[PDB]
Amino acid sequence: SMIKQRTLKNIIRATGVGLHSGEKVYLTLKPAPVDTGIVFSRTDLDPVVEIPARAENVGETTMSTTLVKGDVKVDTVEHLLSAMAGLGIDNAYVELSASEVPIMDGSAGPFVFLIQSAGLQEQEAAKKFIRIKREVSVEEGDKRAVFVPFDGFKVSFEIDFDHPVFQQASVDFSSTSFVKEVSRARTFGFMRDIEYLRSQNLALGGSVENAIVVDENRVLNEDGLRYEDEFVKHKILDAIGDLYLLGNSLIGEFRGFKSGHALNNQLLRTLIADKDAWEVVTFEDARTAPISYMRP
Ligand SMILES: Cc1ccc(C#Cc2ccc(C(=O)NC[C@H]3C[C@@H](NC(=O)[C@@H]4C[C@H](F)CN4)CN3C(=O)C(C)C)cc2)cc1
Ligand SMILES: [Zn+2]
């Protein structure tokens, strides 16, 4: 009845564009051995450069989560890391032909469909969990990010934009479906920012195909929103991706108050350093565990 590690049953290939780069990228997810973790490969480079998707390799947090090793980056990892967190994937190689993970439709939805179509493989090794034992809070200005002990996994988030088109949601993932209620929540941008962002080489691949485009009053996307609270649900999607840089699924609660990649990563570093606040645990019997995973 032991909760076991999971990899992919089959290879997944996808094609898309970097939100930021506007570059066409070829993506391949490969099964990986027990205790590998999630490892990105820049296969376009000779030799190939691999970066474990871990907090210590986070270099940039400016309008995406960026893994860095010397002069080499992988931009915008948080949506795919979100899908792999959501579906309980411990071990995978992520091959990219370019520096940015493809944006797809702007959500984790295409990533979860492609993975679940390929299926997952249970492996003969206990799944390791990070359990929160003490409260860990970081703040900078009016922003705030907290880990709280919780016998399960749950994410609360609040944003506070002053904009007509608005901002609080809480999700317990032993009670709520990641696939149905979170994975389809798209990234969003404001018309005002897109002009400025175009300048400082950003949003080069952005469109209504991969983002909720907002002017001063309205969503411009013809078909509108997938959820009434899509904006704050996408912040939760991002936080789940960032949390996974821990390298093991969490047993605790996350609370974001206007937090983002920068302050999320501040929290990860503080938590990792305060070893009184967390422990690695396994579950030899799934039936008594606080969390549970869909059939593989
Ligand atoms: C013709 C055309 C149409 C559309 C576009 C575009 C675009 C676009 C521009 C900027 C952004 C953008 O960074 N939004 C950030 C938003 C959403 C959310 N972050 C994420 O989703 C992260 C970062 C990446 F988005 C992926 N995970 C939080 N967030 C903000 O706080 C901004 C308001 C500053 C997102 C999309 C360009 C041209
Ligand atoms: Zn996002």
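The first residue you see is number 1, and the count goes up from there.
Structure determined by X-ray crystallography, 2.3 Å.
Keep in mind that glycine also has a Cβ here, set from the backbone N, Cα and C atoms.
Under the heading active site, proton donor, Swiss-Prot lists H261. Packing around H261 (active site, proton donor) is summarised by its Cβ count: 21 other Cβ atoms lie within 10 angstroms of its Cβ, all protein chains included. Taken residue by residue with DSSP, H261 (active site, proton donor) is part of a helix.
Secondary structure at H79 (Zn(2+) binding site), taken from DSSP and collapsed to helix, strand or coil, is helix. The feature Zn(2+) binding site is assigned by Swiss-Prot to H79, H234, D238, with sequence analysis given as support.
A Cβ within 8 Å of the Cβ centre of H79, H234, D238, the residues given for Zn(2+), is found for these other residues of the same chain: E78, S82, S107, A108, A185, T187, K235, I236, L237, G241. Sorted by the number of other CB atoms within 10 A, the binding-site residues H79, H234 start with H234, the lowest. Each residue contributes its Cα atom, and for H79 (Zn(2+) binding site) and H261 (active site, proton donor) these two points are 12 Å apart. Measuring straight across the break, from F166 to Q167 at the CA atoms, gives 7 Å, with 4 residues left unbuilt in between. Packing around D238 (Zn(2+) binding site) is summarised by its Cβ count: 24 other Cβ atoms lie within 10 angstroms of its Cβ, all protein chains included.
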